[PDB]
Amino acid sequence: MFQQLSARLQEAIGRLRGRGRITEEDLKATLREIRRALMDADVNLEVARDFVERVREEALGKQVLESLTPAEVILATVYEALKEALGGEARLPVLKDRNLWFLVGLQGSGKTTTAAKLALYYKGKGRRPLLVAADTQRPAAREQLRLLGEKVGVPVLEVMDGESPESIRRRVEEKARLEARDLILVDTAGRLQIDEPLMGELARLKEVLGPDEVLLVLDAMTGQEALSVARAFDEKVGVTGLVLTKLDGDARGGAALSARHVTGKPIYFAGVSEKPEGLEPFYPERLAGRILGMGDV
């Protein structure tokens, strides 16, 4: 995972191991090495500086200059800083008796497949999901979700071309009633770039449907551009959480590493493979360990 960084961070720590106690200037050099590794993983300057400051403080508070094994102290403190940067404690959207969640994002984020994989996850946890294919302009996008729903065994409502939000809301509520659906997953329109008309429609769909989560699906491999997509969707529509797809293809992790700081939104799920069960709850502590080479490989 995040191969270059992980290698980079492990290299920085390992360059310390077996060489006894270090000085404050030595601690300085390692810290600069970490900061550069993060920046090369596309982390912005402020986020990287904050990370390194966190590590400095916490390492001092653990006697890194007294330790005959300071590499281990740096390992532990880089692991805590990674854990917090990645979100801290693991987070999932809250479940009430009934839920209505939007999935938003660009064409290419894997949003539509993600909607189906989410429905499957929640069905397995005992939910009764309904997928809603809400693109009112592109029948093919709706048909794609129809056939994904058939694969994962989850029902799909398809909107009509040009259907009003009020008509959508009514057809959704009725189907949800009749089928005892308790988790409605609305796959909104995906485009290659955002423009004013869809955003307007979506912000409008949000007013009418009143979702209680708005999950933004981002291709993790887009690094900083994912964060720019996130602020556009958050200011124009309003987001509640993130899903990062193709986390297996991302050698760097910079969007992931920066999301809490920059967006203030949690990463709920990771797409880590093309398997149906490739969409997994996101586990910052687990991922921090992995980046540092601990645990399973």
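Just count from 1 along the sequence shown to find any residue number. We call the rigid core the largest set of C-alpha positions that still match within 1.5 Å between the two forms.
In terms of root mean square C-alpha deviation after superposing on the rigid core in 7 other deposited structures of this protein, the stretch standing farther out between 116-124 and 130-138 is 130-138. The stretch that moves more in 7 other deposited structures of this protein, judged by CA deviation after a rigid core superposition and choosing between 279-287 and 12-20, is 12-20. The stretch 57-65 shows the higher mean C-alpha B-factor when 57-65 is compared against 254-262 in the entry. The question of which stretch, 234-242 or 268-276, has the higher mean Cα B factor is settled in favour of 268-276.
Of the candidates 98, 204, 138, 83, the PDB record gives 98 the highest C-alpha temperature factor. As recorded in the entry, 227 carries the highest CA temperature factor of 186, 176, 215, 227. Per the deposited record, the Cα B-factor of residue 149 falls in the middle third when ranked against the other modelled residues of its chain. Among the modelled residues of the chain, residue 77 sits in the middle third by CA temperature factor in this PDB entry. Residue 162 sits in the lowest third of its chain by CA B factor, as recorded in the PDB entry. For residue 108, the recorded CA temperature factor ranks within the highest third of the chain's modelled residues.
For residue 219, the recorded CA B-factor ranks within the highest third of the chain. Only modelled residues enter the ranking.
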